[PDB]
Amino acid sequence: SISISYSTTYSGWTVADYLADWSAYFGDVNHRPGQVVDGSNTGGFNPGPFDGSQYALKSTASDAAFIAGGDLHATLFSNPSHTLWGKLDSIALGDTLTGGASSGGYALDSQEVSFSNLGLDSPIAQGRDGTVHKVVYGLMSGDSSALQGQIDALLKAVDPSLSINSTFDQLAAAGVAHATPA
Ligand code: HEM
């Protein structure tokens, strides 16, 4: 089932409130036609250049950053263009991104929260409608709505009383979350 890791700082927050705040602060990197600037708002893959086990992106305006983990593929100019697809197992949120292809991976110097065992798989044919794409492109664009909806479904699948409106501590009591040090 979904497995959540959270710094004790966030023990009393709901998942929805945490994500709404995190993404609003991360802010839209404007990865859109006319506005993509390589090395600024593309993020990167490990091993890359356009596929790998991690995709990571920091904000254009601060150190906030996320890492998507799984078996990921960006089509870039190939049909269906500008689709991220594959298998998405995890999302880690925090700040101070480090690493990259030259390091053999990415890590956050301050990981706040992670969501693992997401079990998302999106075929290339779904294009930009796939859940993997929506989750990650949403985060790139400062919008955690898609991620929230996937977490909500995973939580309900454990028990319908659990949701994105549960606190991290409630989710820990319910067996789906664990705390890390503040
Ligand atoms: C190495 C990382 C990436 C590079 C170098 C890259 C590069 C680009 C470029 C060059 C464009 C076209 C800009 C233009 O039309 O002027 C673009 C657009 C786009 N990319 Fe990426 N991208 C990357 C990662 C991603 C990821 C991970 C996603 C999805 C989660 C994504 C989704 C899109 C979308 C949706 C568009 C806009 C398409 C449209 O509205 O027509 N990209 N990207």
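Residues numbered from 1 in each chain as written, not as in the entry; some residues may be left out. Heavy atoms only, no water. Residues with missing side-chain atoms left out of burial classes, pairs and counts.

## Some details on helix α3 (residues 145-158)
Along its 14 residues, α3 runs 20 Å from first to last C-alpha, staying within 8% of the 20 Å computed at 1.5 Å per residue. Those residues of α3 that sit buried are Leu 147, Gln 148, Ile 151 and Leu 155. One side of α3 carries all its buried residues, which in axial view fall inside an arc of 95°. Residues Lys 156 and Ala 157 are exposed on α3 and point more than 90 degrees away from its buried face. At its buried positions, α3 is contacted by β1 (3-7), α1 (15-26), β5 (84-100), β6 (105-116), α2 (131-140) and α4 (168-173). (Helix = DSSP H or I, 4+ residues; strand = E, 2+ residues; numbered from the N terminus. Expected span 1.5 Å × (residues − 1). Buried < 20%, exposed > 50% of the residue type's maximum accessible area, 1.4 Å probe, protein only. Arc of directions from axis to C-beta. Contact = heavy atoms within 4.5 Å.)

## Considerations on the packing of aromatic side chains
The full count for this structure, using the stated rule, is nine aromatic pairs. Between the aromatic rings of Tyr 18 and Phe 168, the centroid separation amounts to 5.9 Å while the plane-to-plane angle is 80°, which identifies the pairing as edge-to-face. Here the residue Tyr 18 occupies a position in helix α1, and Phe 168 occupies one in helix α4, the gap between them amounting to 150 residues. Like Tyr 18, the residue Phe 168 is buried in the burial classification. Pairwise contacts between aromatic rings join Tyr 6, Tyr 10, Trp 13, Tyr 18 and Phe 168 into one cluster. (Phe/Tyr/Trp six-rings, centres within 6.5 Å; stacked < 30°, edge-to-face > 60°.)

## Details of the coordination of the iron atom of the ligand
For the iron atom of the ligand, the protein contributes exactly one donor atom, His 31 (NE2), at 2.0 Å. Within the fold, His 31 resides in the loop between α1 and β2 (44-47). (Donors = N, O, S within 2.8 Å, 3.2 Å for Na, K, Ca; no water.)

## Concerning the nonpolar core
With 40 residues, the main nonpolar core has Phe 66, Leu 88, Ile 91, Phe 115 and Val 136 as its most contacted residues. Looking at this core, the element that brings in the most residues is α1, giving six residues. Judged by nonpolar contacts, the second largest core, of six residues, contains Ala 56, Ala 65, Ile 67 and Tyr 106. (Core = buried A, V, L, I, M, F, W, Y, C linked by side-chain atoms within 4.5 Å.)

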